[PDB]
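One structure below.
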Amino acid sequence: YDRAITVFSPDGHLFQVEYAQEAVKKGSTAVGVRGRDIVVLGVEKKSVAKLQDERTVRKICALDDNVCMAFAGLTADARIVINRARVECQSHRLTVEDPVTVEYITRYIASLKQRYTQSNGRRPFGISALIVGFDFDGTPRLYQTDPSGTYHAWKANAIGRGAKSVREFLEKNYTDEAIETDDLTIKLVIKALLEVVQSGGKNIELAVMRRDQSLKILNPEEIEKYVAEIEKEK
Amino acid sequence: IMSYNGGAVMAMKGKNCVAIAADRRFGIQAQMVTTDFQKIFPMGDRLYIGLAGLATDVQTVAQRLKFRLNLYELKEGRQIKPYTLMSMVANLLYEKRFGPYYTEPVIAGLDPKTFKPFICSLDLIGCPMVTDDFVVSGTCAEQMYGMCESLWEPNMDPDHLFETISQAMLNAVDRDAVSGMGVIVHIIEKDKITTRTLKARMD
Amino acid sequence: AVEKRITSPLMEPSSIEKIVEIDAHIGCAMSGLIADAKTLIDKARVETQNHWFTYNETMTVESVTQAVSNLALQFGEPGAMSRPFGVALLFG
Amino acid sequence: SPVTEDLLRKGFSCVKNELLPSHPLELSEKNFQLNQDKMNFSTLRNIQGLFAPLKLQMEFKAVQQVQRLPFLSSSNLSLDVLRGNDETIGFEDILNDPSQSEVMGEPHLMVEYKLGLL
Amino acid sequence: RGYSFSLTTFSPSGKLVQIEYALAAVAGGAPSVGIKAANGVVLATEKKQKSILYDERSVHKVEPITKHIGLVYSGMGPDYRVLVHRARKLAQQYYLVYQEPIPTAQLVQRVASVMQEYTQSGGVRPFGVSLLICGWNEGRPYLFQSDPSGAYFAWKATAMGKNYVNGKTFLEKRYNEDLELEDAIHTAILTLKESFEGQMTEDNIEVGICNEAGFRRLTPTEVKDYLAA
Amino acid sequence: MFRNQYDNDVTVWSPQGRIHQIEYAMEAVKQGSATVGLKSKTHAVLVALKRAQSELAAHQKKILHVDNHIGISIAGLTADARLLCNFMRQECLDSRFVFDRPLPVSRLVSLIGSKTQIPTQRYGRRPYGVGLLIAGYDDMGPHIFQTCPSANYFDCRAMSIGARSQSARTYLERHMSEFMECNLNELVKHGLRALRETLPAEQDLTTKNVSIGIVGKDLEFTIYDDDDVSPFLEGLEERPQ
Amino acid sequence: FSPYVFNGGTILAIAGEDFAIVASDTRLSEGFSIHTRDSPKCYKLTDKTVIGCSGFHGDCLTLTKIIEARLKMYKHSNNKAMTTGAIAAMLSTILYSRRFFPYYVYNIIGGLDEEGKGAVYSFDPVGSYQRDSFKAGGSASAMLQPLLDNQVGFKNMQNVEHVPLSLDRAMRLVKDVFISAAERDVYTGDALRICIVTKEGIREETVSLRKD
Amino acid sequence: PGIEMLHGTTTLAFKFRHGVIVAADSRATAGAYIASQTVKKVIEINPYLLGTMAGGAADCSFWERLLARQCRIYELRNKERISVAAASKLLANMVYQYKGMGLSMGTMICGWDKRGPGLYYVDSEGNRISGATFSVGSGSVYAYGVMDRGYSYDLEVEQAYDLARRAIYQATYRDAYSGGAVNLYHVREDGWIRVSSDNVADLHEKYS
Amino acid sequence: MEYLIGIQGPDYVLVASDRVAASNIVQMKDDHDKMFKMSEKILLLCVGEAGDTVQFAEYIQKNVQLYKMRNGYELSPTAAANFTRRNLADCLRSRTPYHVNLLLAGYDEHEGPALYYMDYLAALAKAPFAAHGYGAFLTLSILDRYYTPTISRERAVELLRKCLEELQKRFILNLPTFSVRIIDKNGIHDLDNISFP
């Protein structure tokens, strides 16, 4: 009973949504956690491909000077969603002189996703987002979209394949002490991402964001230094 | 309406040589805001166009014509014959015949295959016409036919052609308030393009 | 009184809210699918505020249940829907 | 005459002069094919019966929805011999040919507007 | 095969079943031969109107376009007149602007695009037809052949149509360039003779030349003269 | 069993020749409650019945309102009921606004049938599932017009389309002689007695399961409910047997 | 061509303690002639709300025929009856719907509030309601109002007490004011039609006025 | 038809260390005949903002009603109070949508929010100028000078009330359209509170 | 009406302004910054009809940030000018009888500074020092007299001060105080306001 979006099953269980979720649970992982005044959005690169240039292929896209973005899944649909979100953010800023809050833009993205599930002539967007940024009141915020229509104000969740292990590791270590300073959050997220990946430093990227300092990616040298510092475990 | 700005352009056909010249000035009626404002566009290599009139439409028509010329050149492969641009601009102007533009373009160039000089002209809304000896159009249209008709001569070498195009403009454009203060002369001989800048009365 | 069934401890408790305001004197408890309930709630809010602007008075609960049911009746064949709304509400 | 009951996407168009026609050859040029088809349909419905306009217009509808997506140029090879303009070249294709459009919209937006979802 | 029956779906090897079927259909038609020579081109074909009940006038195959472009079909009869009318309309549309006649290549590209446009869509069959067109521009002769999907080639001695493999094999050992129309016409007649199922008659050949005068179509008595000679 | 391929849609004819969807909809309309539709010389009573989702919940609405001189009942699907009564109300309002006379029933019912005839032909649409019992007096005595799932309306004198009602039809046909000269009370008593046959044995009509509605000569269409229906439901003899 | 023409009229409304009164002269006059002498200008809407509509007699009919239809729609939808506090806003919205083609009317609404209380509203041709107590208006206005201002709400008077308006006084005042103001105006006179309304229904009233 | 209402009026509003104060008259004229004496002009849209009235009457009322609906919708959606700047820009866009068809309005949306006070101004022309001292309408002048001379940004509450009363009275004594009653409005953290209403005759008697 | 001037130089695009409002006979506000900001290197001066100026500037300003945020890098002054002119022409001719004057600025990293003059019919020049408003008539000659082709940043302020003193002394209106901003290869620098007691 799974050949069209509009149809149901004898029990319920709208199946195209579940299949889209299964498709989403196939790409590279992604994490994120907020602190006192800090947010990290680390991801992991599946393949090196030294001939390919890492400049063009990337996941941490910028949505505004106070909102950033990281996806997981099919690339083209995510790019389309990010483009639409950028346009909507600029339009809202034009119509009201106030920097856009995280909740409004994440609701817009969720609605745009949900709109493509109402007729058996358009496939749903199979991706998952990790919208995170700083509001206009200074309160750190984080969210997570979902292919069907939903979104939750998570704290330190994760998406992608093999997300149960990293989620358990994060929930078994997340405490107020680890979110006090700045580099402690980086240490925590690096320790979290080091699990699924084979060898650290080679294919791990971070994006540290501070209070109104805009998105700032990290060069490989700083990543190697942070891994070396976190390697002093005893 | 071609008085909110200024402009004047000629074109003379010599002996395997064509010359086009303009006047550099841009000002809002009596006032003047700048002295350098190009009115000659390098479409092709041995071809040129001479838009002259209201500037705010000159820029737009030049941009659209350049776009369409690039499209045709890329699609059809080889260069554009001088006669084709004539119908090009005619169609482009008649596009908005009811909402007319304000341009009196002049086209002057050479055939890339035959090297036979060609000169044409256009009215406000597009009415193709070709004159063998010379043509002129601009804000100061009246005070140039008299200067050009007597001074012209058939079968002129490049030096005499430059002298005649200089003398038919330098002392014939100062007899008017607007459209003065500088003259650019473009001489297009068989093998190399050459540009010169005259000096006139600074008033 | 509506339960929540939090999936993980890391999820913020106030992120999910089955209880939702409709106006100063009307509240409802959604169930089942979430996005469709959000769409219905948004339409109900727009309708009641528009009615307040037009007739300059307060809502009557039947006068908004009728509107939301009329909207939900459009299942069938234009941003028209194509499947029944798999949701349920307890207007109060 | 409607109230509000995104401005960057569609903006800079005052309400003043769309309810004020331009040069009188405006409603006879913006809507020409529609008016000609309406006149022919009315004539046929008056003189030949009610079947012909219904049949012909529903044929138009059937043939209209097989073209390429809106964000690309439409050949429109068919529907032309059926319309009757098979060789009636005029001031509709030589001036501002839609193939070389000077301005172009986004693909998803244009297709979703063509579907009428917005 | 479930992956067949619809032109909008790829078979799980990489192909389009409907396009190949249409190509086979246009292959199963009427033989046609086109020869390009240093002075001009010749297009030769034969008609199925063998019985005397038909007429020489009225219906006709090699319809000229403007003055320098002439075509010939080798597919479905009632399925290329619309295409020919579109080609003439496109030629005139190009002629009003750019006051100079259409070069062949632009016309080929435009007709190929308009023909392909009924491939990528969904719910309409592709045209079953494949047509050669000959031109004469810039003191040069041009020959092209169109495919049902649409992919022009700068062919020189194509003998596409029914039993076209034999025609190609025969032509791959006769043409040698640097020829006038006199020998080219005889070569085309021999190629048609190789596979005709009967003898050529006065009313079975529709040769048409495109020398540097236009697109004159040979009169029936002139065709008789060449056939005798 | 030679019908699986000829009933999946509505625009196909069986080899015998009959649209199966229409028959299925006419069978579907039998899900609901009985509704008698008696009439007299001066008044046209319209007595219905109401079900109960549960003892805690409240009952459904079976006697809607259309205008000052017309009131419809309902039987079957409750989805299309409102979608059709909207068209009812809009047409009546337009007829009152353009002209200045109440819209006669004989044109209104024809318009409703014409509207309901459209979906049974075009693809991708399904027939309606209502069992309307339109009643109302305008200018030439009260009328009782029935509507079916197919756009085939009947004129009538008294009938009880809806749930199990064949016994109701038999009772209504047995006593179809006195309905031409009686007062309001006697006609209402006859209607309630006819409805009582539908209700199963050892079950009486309470105050919360009747929706008597009356339109006549000098009174506009009014619906009665709750304790207000008690005066009509007093005599009713004592038991069917 | 000019899609406007005058037709005269006069509307007066007294909102007392538990009674609303709406009265109006009856004469359709345009240009210099007289069309009729009955032409009532006081239409009933509900059991406790009366509308008076002066001004051009081509929209005074359209608004009357639209308000009743919208009232029927509201009653059918919400299963109630519009109170006099909502009809004002609804009519204001309808009037403002054509701000670029204004209605040429001068409407007056009178009725009872939720509790027994007088209430008379007042509009303008563009449409903007405002609660009042004794507001009048129409063609022959600016004469009716000042006398009521002198009488109903004591203004520019000193050493005088305040007494609530009694029902016996209201009709006696209205008849006197219309009789006084009929002579000096051209468009008024003929028959006077009174629509006093209380909490038991609508009782009607007609008297002679400068017989013409 | 005839002139709608309110050919002109007066109002003022200044801000200081204890919020924003709004004052207004009440005389909705109709060209040359006084139509009313107690028409309220300080429009309430919620217990945080205070819409003002000027220019036309019906247009102002309708656009404040639409602004109130939009603000209430935003409140219900985003669970957070809307800033004054957002409402001002919204009204600016709606009014600027129609220009040249005869629109005429002057409004001085003001209130308290997370950034403190705010007294942005918008009209039919389309500008959205801010400020700390404002007065619009026909009787804006004849009051501008006095209220500019008295303003000190360090006043008390009673002194500010007296200043506003004096400014309105001196404006309405010299003009010919303002007058009637004087409404005085105060704004603070817990929303606006109505201060008092007064009649011109009593103020003239006590200021004589 | 208002006043806008901008003087070029070796490595600066220094622009002045006039912090003032307008009304019938009244000055609503005495400090209204007309200088909208495009990016870290581009300014946009705009004087015109009321409302349309602040609308057009807002629309054209929430469109250049989109390009930066969608392509990583930043526009160039020439592209910004050739885009603003096109938008202004298309919108003005479409349905609105606008009246807006603009004066772009900017400093790229390849060819010095760049100052652009644009009238209300959407023209585009590259004058080394332009002016707007009515004070242009009385001040452009003063600007032209002392303008050496190369001017040091120190002397530019003095030249501007003289050019504003002459306007404040010989003009009908009451422009009370002016704002000054100078752009270099470090961002958007600011200078103390010019106020005449």
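The chains in the structure tokens are called A, B, ... from first to last as shown; in each chain the residues are counted from 1, and the ligands are counted from 1 in the order shown.
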
Considering only C-alpha atoms, give me a table of residues in chain I that are at most 7 Å from chain B, with the closest atom pair and distance in Å for each, as a tab-separated table.
```
residue	atom	partner	partner_atom	distance
I:121	CA	B:56	CA	6.3
I:122	CA	B:56	CA	5.8
I:123	CA	B:56	CA	4.8
I:125	CA	B:37	CA	6.8
I:127	CA	B:34	CA	5.5
I:130	CA	B:33	CA	6.8
```

Near chain C, which residues of chain A fall within 6 Å when you count only C-alpha atoms, and what do they look like as a PyMOL selection string?
chain A and resi 6+119+149+152-155

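By chain and then residue number, the residues within 10 Å of residue 157 in chain A are residues 30, 31, 32, 33, 130, 142, 143, 144, 153, 154, 155, 159, 163, 164, 166, 167, 168, 170 and 171 of chain A; 8, 10 and 11 of chain C, counting only C-alpha atoms and disregarding those fewer than 2 positions away in sequence.
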
Can I get the selected residues back with N, CA and C atoms, as a CSV table (one decimal), in the first residue's frame?
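Saved as again-v9.csv:
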```csv
chain,number,residue,atom,x,y,z
A,30,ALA,N,26.1,14.4,11.5
A,30,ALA,CA,26.1,15.8,11.9
A,30,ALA,C,25.7,16.0,13.4
A,31,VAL,N,26.3,16.9,14.1
A,31,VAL,CA,26.0,17.1,15.5
A,31,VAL,C,25.9,18.6,15.7
A,32,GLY,N,25.7,19.0,17.0
A,32,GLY,CA,25.6,20.4,17.4
A,32,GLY,C,25.2,20.5,18.9
A,33,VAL,N,25.8,21.4,19.6
A,33,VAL,CA,25.5,21.6,21.0
A,33,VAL,C,25.8,23.1,21.3
A,130,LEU,N,19.8,21.2,11.0
A,130,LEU,CA,20.3,21.4,12.3
A,130,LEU,C,20.3,22.9,12.6
A,142,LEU,N,18.8,26.4,19.3
A,142,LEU,CA,19.1,25.3,18.4
A,142,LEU,C,17.8,24.5,18.1
A,143,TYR,N,17.7,24.0,16.9
A,143,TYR,CA,16.5,23.3,16.4
A,143,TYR,C,16.9,22.1,15.6
A,144,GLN,N,15.9,21.4,15.1
A,144,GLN,CA,16.2,20.3,14.1
A,144,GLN,C,14.9,20.0,13.3
A,153,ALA,N,12.9,21.8,19.5
A,153,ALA,CA,14.0,22.6,20.0
A,153,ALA,C,15.0,21.7,20.9
A,154,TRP,N,15.7,20.9,20.2
A,154,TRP,CA,16.6,20.0,20.8
A,154,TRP,C,17.8,20.8,21.4
A,155,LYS,N,18.6,20.0,22.2
A,155,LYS,CA,19.8,20.6,22.9
A,155,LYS,C,21.1,20.2,22.3
A,159,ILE,N,22.0,13.7,13.8
A,159,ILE,CA,21.3,13.1,12.7
A,159,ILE,C,22.3,12.3,11.8
A,163,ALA,N,23.5,7.5,14.1
A,163,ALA,CA,23.2,8.6,15.1
A,163,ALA,C,22.9,8.2,16.5
A,164,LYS,N,22.4,6.9,16.6
A,164,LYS,CA,22.1,6.4,18.0
A,164,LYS,C,23.3,6.4,18.9
A,166,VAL,N,26.2,8.2,18.7
A,166,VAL,CA,26.7,9.5,19.1
A,166,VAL,C,25.7,10.2,20.0
A,167,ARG,N,24.4,10.0,19.8
A,167,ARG,CA,23.4,10.5,20.7
A,167,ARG,C,23.5,10.0,22.1
A,168,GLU,N,23.7,8.7,22.2
A,168,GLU,CA,24.0,8.1,23.6
A,168,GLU,C,25.2,8.6,24.2
A,170,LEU,N,26.6,11.6,23.7
A,170,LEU,CA,26.4,12.9,24.1
A,170,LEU,C,25.5,13.0,25.3
A,171,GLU,N,24.4,12.2,25.4
A,171,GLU,CA,23.6,12.3,26.6
A,171,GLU,C,24.2,11.7,27.8
C,8,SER,N,13.5,11.6,24.2
C,8,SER,CA,14.8,11.6,24.8
C,8,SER,C,14.9,12.7,25.8
C,10,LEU,N,17.3,14.8,26.3
C,10,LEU,CA,17.9,16.0,25.7
C,10,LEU,C,16.9,16.9,25.1
C,11,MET,N,15.7,16.4,24.7
C,11,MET,CA,14.7,17.2,24.0
C,11,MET,C,14.1,18.2,25.1
```

Leaving out residue 160 in chain A and any residue of its chain fewer than 4 positions from it, which residues lie within 9 Å of it when counting only C-alpha atoms, given as a PyMOL selection string?
chain A and resi 24-30+72-73+128

Just need the residues of chain A within 12 Å of chain I, counting only C-alpha atoms, so spit them out as a ChimeraX atom specification.
/A:55-56,61-68,79-80,82-97,214-215

Requested write-out: N, CA and C atoms of the selected residues, as a compact mmCIF listing (two decimals), in the first residue's frame:
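What landed in again32.txt:
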```txt
# COMPACT_ATOMS: atom_id res chain seq x y z
N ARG A 55 36.70 22.99 -1.18
CA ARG A 55 36.07 24.30 -1.18
C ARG A 55 34.62 24.23 -1.64
N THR A 56 34.35 23.46 -2.69
CA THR A 56 33.01 23.45 -3.27
C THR A 56 32.08 22.51 -2.51
N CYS A 61 26.47 25.58 5.59
CA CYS A 61 26.09 26.76 4.84
C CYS A 61 25.63 27.87 5.78
N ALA A 62 25.78 29.10 5.32
CA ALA A 62 25.40 30.28 6.10
C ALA A 62 24.03 30.76 5.65
N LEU A 63 23.16 31.05 6.62
CA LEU A 63 21.82 31.55 6.35
C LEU A 63 21.64 33.01 6.70
N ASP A 64 22.43 33.53 7.63
CA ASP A 64 22.38 34.93 8.04
C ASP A 64 23.58 35.19 8.93
N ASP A 65 23.77 36.45 9.31
CA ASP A 65 24.85 36.79 10.22
C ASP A 65 24.62 36.25 11.63
N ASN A 66 23.40 35.80 11.94
CA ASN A 66 23.10 35.22 13.24
C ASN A 66 22.53 33.81 13.15
N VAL A 67 22.32 33.28 11.95
CA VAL A 67 21.76 31.95 11.76
C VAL A 67 22.64 31.19 10.78
N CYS A 68 23.01 29.97 11.13
CA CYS A 68 23.79 29.09 10.26
C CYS A 68 23.00 27.81 9.99
N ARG A 79 20.28 22.27 -1.04
CA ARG A 79 20.67 23.55 -1.62
C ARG A 79 19.46 24.39 -1.96
N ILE A 80 18.42 23.76 -2.52
CA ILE A 80 17.20 24.49 -2.86
C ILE A 80 16.56 25.07 -1.60
N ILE A 82 18.01 25.79 1.26
CA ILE A 82 18.84 26.86 1.80
C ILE A 82 18.65 28.15 1.00
N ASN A 83 18.56 28.04 -0.33
CA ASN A 83 18.32 29.22 -1.15
C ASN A 83 17.00 29.88 -0.78
N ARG A 84 15.94 29.08 -0.66
CA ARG A 84 14.64 29.64 -0.31
C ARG A 84 14.67 30.27 1.08
N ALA A 85 15.38 29.65 2.02
CA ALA A 85 15.47 30.20 3.37
C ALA A 85 16.21 31.53 3.37
N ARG A 86 17.29 31.64 2.59
CA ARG A 86 18.00 32.91 2.47
C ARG A 86 17.07 34.00 1.95
N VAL A 87 16.32 33.68 0.89
CA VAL A 87 15.42 34.67 0.30
C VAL A 87 14.36 35.09 1.31
N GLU A 88 13.79 34.13 2.03
CA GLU A 88 12.75 34.45 3.01
C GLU A 88 13.31 35.30 4.15
N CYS A 89 14.53 34.99 4.60
CA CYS A 89 15.15 35.78 5.66
C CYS A 89 15.32 37.23 5.22
N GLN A 90 15.83 37.44 4.00
CA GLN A 90 15.99 38.80 3.51
C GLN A 90 14.65 39.51 3.37
N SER A 91 13.63 38.80 2.88
CA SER A 91 12.31 39.42 2.73
C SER A 91 11.73 39.82 4.07
N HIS A 92 11.86 38.96 5.08
CA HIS A 92 11.36 39.31 6.41
C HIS A 92 12.11 40.49 7.00
N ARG A 93 13.43 40.53 6.81
CA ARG A 93 14.20 41.67 7.31
C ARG A 93 13.76 42.96 6.61
N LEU A 94 13.47 42.88 5.31
CA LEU A 94 12.99 44.06 4.60
C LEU A 94 11.63 44.51 5.13
N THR A 95 10.72 43.56 5.34
CA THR A 95 9.37 43.93 5.75
C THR A 95 9.30 44.36 7.21
N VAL A 96 10.28 43.98 8.03
CA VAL A 96 10.34 44.43 9.42
C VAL A 96 11.81 44.61 9.80
N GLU A 97 12.18 45.83 10.21
CA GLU A 97 13.57 46.12 10.56
C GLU A 97 13.88 45.49 11.91
N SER A 214 29.69 36.44 13.67
CA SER A 214 29.39 35.78 12.40
C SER A 214 30.04 34.40 12.31
N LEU A 215 29.60 33.59 11.35
CA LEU A 215 30.13 32.25 11.20
C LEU A 215 31.61 32.30 10.84
```

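Note that the spacing between CA of residue 146 in chain E and CA of residue 74 in chain E amounts to 10.6 Å.
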
Give me, as CSV, the closest atom pair and its distance (Å, one decimal) for every residue of chain C within a cut-off of 12 Å of chain H, counting only C-alpha atoms, rows sorted by chain and rising number.
```
residue,atom,partner,partner_atom,distance
C:20,CA,H:76,CA,9.7
C:21,CA,H:76,CA,7.2
C:22,CA,H:76,CA,7.5
C:23,CA,H:76,CA,7.5
C:24,CA,H:76,CA,9.4
C:38,CA,H:77,CA,10.8
C:41,CA,H:77,CA,10.0
C:42,CA,H:77,CA,8.2
C:43,CA,H:73,CA,11.1
C:44,CA,H:73,CA,11.1
C:45,CA,H:73,CA,7.4
C:46,CA,H:73,CA,7.2
C:47,CA,H:73,CA,10.4
C:48,CA,H:73,CA,9.9
C:49,CA,H:69,CA,6.5
C:50,CA,H:69,CA,7.4
C:51,CA,H:69,CA,10.1
C:52,CA,H:69,CA,8.4
C:53,CA,H:69,CA,6.6
C:54,CA,H:65,CA,9.4
C:55,CA,H:65,CA,11.8
C:56,CA,H:65,CA,10.1
```

Residues of the last selection are to be written out with N, CA and C atoms, as a PDB file, in the first residue's frame.
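This went into result.pdb:
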```pdb
ATOM      1  N   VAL C  20      -2.408  24.554  22.921  1.00  0.00           N
ATOM      2  CA  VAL C  20      -2.079  25.704  22.086  1.00  0.00           C
ATOM      3  C   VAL C  20      -3.184  26.741  22.219  1.00  0.00           C
ATOM      4  N   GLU C  21      -2.786  28.008  22.290  1.00  0.00           N
ATOM      5  CA  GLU C  21      -3.750  29.097  22.354  1.00  0.00           C
ATOM      6  C   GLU C  21      -4.439  29.280  21.009  1.00  0.00           C
ATOM      7  N   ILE C  22      -5.722  29.629  21.053  1.00  0.00           N
ATOM      8  CA  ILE C  22      -6.452  30.012  19.851  1.00  0.00           C
ATOM      9  C   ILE C  22      -6.894  31.459  20.006  1.00  0.00           C
ATOM     10  N   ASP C  23      -7.160  31.858  21.239  1.00  0.00           N
ATOM     11  CA  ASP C  23      -7.618  33.203  21.573  1.00  0.00           C
ATOM     12  C   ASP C  23      -7.531  33.340  23.088  1.00  0.00           C
ATOM     13  N   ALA C  24      -8.050  34.448  23.616  1.00  0.00           N
ATOM     14  CA  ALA C  24      -8.011  34.673  25.053  1.00  0.00           C
ATOM     15  C   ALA C  24      -8.961  33.769  25.825  1.00  0.00           C
ATOM     16  N   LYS C  38      -0.951  21.935  12.972  1.00  0.00           N
ATOM     17  CA  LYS C  38      -0.429  23.297  12.936  1.00  0.00           C
ATOM     18  C   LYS C  38      -1.143  24.127  11.878  1.00  0.00           C
ATOM     19  N   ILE C  41      -4.621  24.953  13.112  1.00  0.00           N
ATOM     20  CA  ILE C  41      -4.592  25.952  14.175  1.00  0.00           C
ATOM     21  C   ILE C  41      -4.341  27.336  13.597  1.00  0.00           C
ATOM     22  N   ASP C  42      -3.416  27.436  12.640  1.00  0.00           N
ATOM     23  CA  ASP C  42      -3.145  28.722  12.009  1.00  0.00           C
ATOM     24  C   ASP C  42      -4.389  29.254  11.308  1.00  0.00           C
ATOM     25  N   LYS C  43      -5.094  28.386  10.576  1.00  0.00           N
ATOM     26  CA  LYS C  43      -6.307  28.830   9.896  1.00  0.00           C
ATOM     27  C   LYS C  43      -7.364  29.273  10.901  1.00  0.00           C
ATOM     28  N   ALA C  44      -7.516  28.532  12.001  1.00  0.00           N
ATOM     29  CA  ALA C  44      -8.502  28.909  13.009  1.00  0.00           C
ATOM     30  C   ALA C  44      -8.179  30.265  13.623  1.00  0.00           C
ATOM     31  N   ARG C  45      -6.903  30.507  13.936  1.00  0.00           N
ATOM     32  CA  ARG C  45      -6.506  31.798  14.492  1.00  0.00           C
ATOM     33  C   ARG C  45      -6.803  32.927  13.515  1.00  0.00           C
ATOM     34  N   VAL C  46      -6.433  32.735  12.245  1.00  0.00           N
ATOM     35  CA  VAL C  46      -6.692  33.762  11.243  1.00  0.00           C
ATOM     36  C   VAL C  46      -8.184  34.040  11.144  1.00  0.00           C
ATOM     37  N   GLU C  47      -8.998  32.983  11.127  1.00  0.00           N
ATOM     38  CA  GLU C  47     -10.437  33.154  10.970  1.00  0.00           C
ATOM     39  C   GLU C  47     -11.039  33.907  12.148  1.00  0.00           C
ATOM     40  N   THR C  48     -10.680  33.522  13.375  1.00  0.00           N
ATOM     41  CA  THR C  48     -11.287  34.180  14.530  1.00  0.00           C
ATOM     42  C   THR C  48     -10.851  35.636  14.626  1.00  0.00           C
ATOM     43  N   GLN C  49      -9.583  35.932  14.322  1.00  0.00           N
ATOM     44  CA  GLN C  49      -9.155  37.326  14.357  1.00  0.00           C
ATOM     45  C   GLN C  49      -9.839  38.143  13.267  1.00  0.00           C
ATOM     46  N   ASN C  50     -10.012  37.561  12.078  1.00  0.00           N
ATOM     47  CA  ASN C  50     -10.717  38.266  11.014  1.00  0.00           C
ATOM     48  C   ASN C  50     -12.160  38.553  11.409  1.00  0.00           C
ATOM     49  N   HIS C  51     -12.828  37.579  12.029  1.00  0.00           N
ATOM     50  CA  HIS C  51     -14.200  37.801  12.472  1.00  0.00           C
ATOM     51  C   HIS C  51     -14.263  38.887  13.536  1.00  0.00           C
ATOM     52  N   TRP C  52     -13.304  38.892  14.467  1.00  0.00           N
ATOM     53  CA  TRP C  52     -13.285  39.947  15.473  1.00  0.00           C
ATOM     54  C   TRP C  52     -13.122  41.311  14.823  1.00  0.00           C
ATOM     55  N   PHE C  53     -12.239  41.412  13.829  1.00  0.00           N
ATOM     56  CA  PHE C  53     -12.066  42.687  13.142  1.00  0.00           C
ATOM     57  C   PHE C  53     -13.342  43.106  12.427  1.00  0.00           C
ATOM     58  N   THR C  54     -14.039  42.152  11.810  1.00  0.00           N
ATOM     59  CA  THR C  54     -15.208  42.505  11.011  1.00  0.00           C
ATOM     60  C   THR C  54     -16.388  42.898  11.895  1.00  0.00           C
ATOM     61  N   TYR C  55     -16.867  41.975  12.728  1.00  0.00           N
ATOM     62  CA  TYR C  55     -18.098  42.207  13.476  1.00  0.00           C
ATOM     63  C   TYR C  55     -17.878  42.837  14.846  1.00  0.00           C
ATOM     64  N   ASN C  56     -16.630  42.985  15.288  1.00  0.00           N
ATOM     65  CA  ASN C  56     -16.294  43.684  16.530  1.00  0.00           C
ATOM     66  C   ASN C  56     -17.000  43.060  17.739  1.00  0.00           C
TER      67      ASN C  56
END
```

DSSP on the backbone: what in range 10-41 of chain H comes out strand (DSSP E), as a list in words?
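Residues of range 10-41 of chain H classed as strand (DSSP E): residues 11, 12, 13, 14, 15, 16, 19, 20, 21, 22, 23 and 24 of chain H.
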
Find the residues in chain D near chain E: any atom within 8 Å counts, using only C-alpha atoms. Write them as number ranges by chain.
D: 66-68, 75, 77, 81, 86-87, 89, 93-94

Counting only C-alpha atoms, a student should be able to say which residues of chain H come within 12 Å of chain G; what is the right answer, written as a VMD selection string?
chain H and resid 1 to 6 28 to 30 32 to 41 56 to 63 65 to 66 98 100 to 103 201

Distance filter 8 Å, only C-alpha atoms, chain D against chain C, as a ChimeraX atom specification:
/D:5,115-118
